[PDB]
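Shown next, in structure tokens, is the structure this report addresses.
Ideal geometry is used to build each Cβ from the backbone, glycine not excepted, and the neighbour counts take in all protein chains shown. Read-outs throughout are calculated quantities, based only on the coordinates presented, and are distinct from any laboratory measurement.
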């Protein structure tokens with residue numbers, strides 16, 4: 001199998017700046033008819049892969065003039081003269097000269113944007129859930145940047161690691177921010193043996209952590 | 001234009017056979033090109049499985065060949081994928097695609113998720129998320145829906161039947177104990193809610209479940 005190696009693994013670039021992705025094959029991708037079958041795909045978040053370039057440097061229909069492909073033999077490069085928000089996603093290198101067809105590992109393009117503080121909201125368990133014998137406390141941290149963030153849960157002031165489920169969305173193409181959901185799940189019995197529930201967020205945009213909480217007294 | 005659409009079971013028991021269908025509209029599969037099956041594993045890894053050309057000849061990835069088969073139905077304009085003795089390692093998103101490497105013709109399907117597990121299909125429980133110790137004195141109000149305890153993926157979440165689309169954040173599901181938990185949030189100005197109604201609509205095809213949950217202010 002021909003091995004495709006893409007560099008770098010990730011690329012954080014600001015809008016308007018250039019970006020370059022490299023791809024190397026262990027064997028020459030030159031075919032017996034003189035053509036080199038090397039394509040480039042782009043898989044935007046939540047979408048199927050889409051081919052941008054084929055035969056090394058030919059642009060597929062609809063693909064902006066900003067993209068340019070070059071290379072020969074075993075070394076190929078994809079260049080974007082000016083990055084736009086819609087370019088974010090995962091770029092793949094793929095060869096069709098040797099059997100079986102193989103793809104490179106992928107290069108994730110992230111839009112380097114200005115720092116943005118998260119908007120935190122906390123939610124107590126719904127009455128409907130409490131009836132089932134369970135209790136989930138939810139905390140949303142929306143539209144922030146960079147992606148790095150630390151969320152801590154405190155029940156009656158004590159930190160809780162067990163039973164916490166965290167999930168991040170991919171980078172939003174409209175504002176280039178990320179959002180995060182943190183859910184703390186407890187049994188109805190444990191939820192009722194405590195009073196204060198706190199969601200604490202540590203992010204580079206604030207010197208002190210951002211805190212949201214509620215007590216089972218004011219509902 | 002040309003359109004490829006995958007269809008098939010979303011859940012398959014281990015050791016059993018997986019069967020998927022790719023329905024092609026807008027172009028005949030006997031005219032030209034190779035019609036492929038490609039799968040994507042969690043983690044972004046892509047793997048070409050095989051193809052059947054317009055002439056009916058097939059080609060399979062050596063790593064699968066012993067248990068893979070691709071056939072077609074020229075009267076319905078469809079080609080199929082059959083993967084035998086599937087294990088948990090075959091869990092992935094399956095795509096059908098058509099291209100030739102030297103022409104402008106390239107089309108990919110939407111992809112379909114296939115989970116291999118012994119776990120049973122379970123409908124989700126939908127809980128409304130409304131503000132707690134507050135009446136929302138700010139300008140914006142964030143609401144949400146918690147979709148808990150379902151299997152397998154995926155579920156679909158819309159707000160107010162799709163009319164409410166801006167300010168929405170639906171988070172990727174997290175697995176725990178053979179069950180998934182997903183959440184979604186929507187932010188609206190203090191003007192609407194609680195005045196105007198805000199409902200989240202969740203659908204779980206695997207269990208043919210469909211539930212609309214209205215978000216109402218808490219009393220307590």
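Once the Cβ-Cβ distance between residue A:175 and residue B:218 is put in as r, and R0 is 51 Å, what FRET efficiency do you end up with, to the nearest 0.05?
Working: r = 30 Å, r/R0 = 0.60.
Approximately 0.95, to the nearest 0.05.
With each run of n ≥ 4 DSSP H residues scored as -39500 (n - 2.57), what mean residue ellipticity at 222 nm is computed for the protein assembly as shown after dividing by its residue count and rounding to the nearest 500 deg cm²/dmol?
Helix contribution divided over all residues of the protein assembly as shown: -500 deg cm²/dmol.
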task = Compute the distribution of all C-alpha to C-alpha distances in region B:1-118, in bins of 5 Å from 0, and list the percent of pairs in each, rounded to whole numbers.
result = 2, 12, 23, 26, 20, 11, 5, 1, 0
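Can you figure out the FRET efficiency of residue A:5 with residue A:47, using R₀ = 30 Å and their beta-carbon distance, to the nearest 0.05?
0.75
Using a Förster distance of 30 angstrom, determine the FRET efficiency expected from the C-beta separation of residue A:20 and residue A:117, and round it to 0.05. Each step should come with its number before you reach the end.
Details: r = 32 Å, r/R0 = 1.06.
Efficiency at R0 = 30 Å is approximately 0.40.
What average number of partner chain Cβ atoms lie no more than 10 Å from the Cβ of the residues making up A:119-132?
On the way: counts 4, 1, 11, 6, 13, 7, 4, 11, 5, 6, 6, 1, 0, 4.
Shielding by partners across A:119-132 averages 6.
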query = Among A:39, A:143, A:195, whose mean-square fluctuation peaks in a Gaussian network model of chain A (Cα, cutoff 10 Å)?
reply = A:195
query = For the protein assembly as shown, what is the convex hull volume of its Cα atoms per residue in Å³?
reply = 162
task = Starting from the Cα of residue A:12, step 7 Å along the direction of its Cβ; do the same at residue A:128; then give the gap between the two resulting points in nm.
result = 3.9
ask   = Which of B:40, B:78, B:176 moves most in a GNM of chain B, Cα contacts under 10 Å?
value = B:176
query = Label-point separation (nm) for residue A:206 and residue A:147, each offset 7 Å from Cα along Cα-to-Cβ?
reply = 2.3
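Rounded, prolate or oblate: which fits chain B when a ≥ b ≥ c are the square roots of the eigenvalues of the alpha-carbon gyration tensor, with rounded for a/c under 1.5 and prolate only if a/b beats b/c? Provide the component values of the computation, followed by the final result.
Numbers: a/c = 3.15, a/b = 2.04, b/c = 1.54.
Since a/c reaches 1.5 and a/b is larger than b/c, the shape of chain B is classed as prolate.
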Choice from A:13, A:138, A:63 showing the highest fluctuation, given a GNM over chain A with Cα pairs closer than 10 Å = A:63
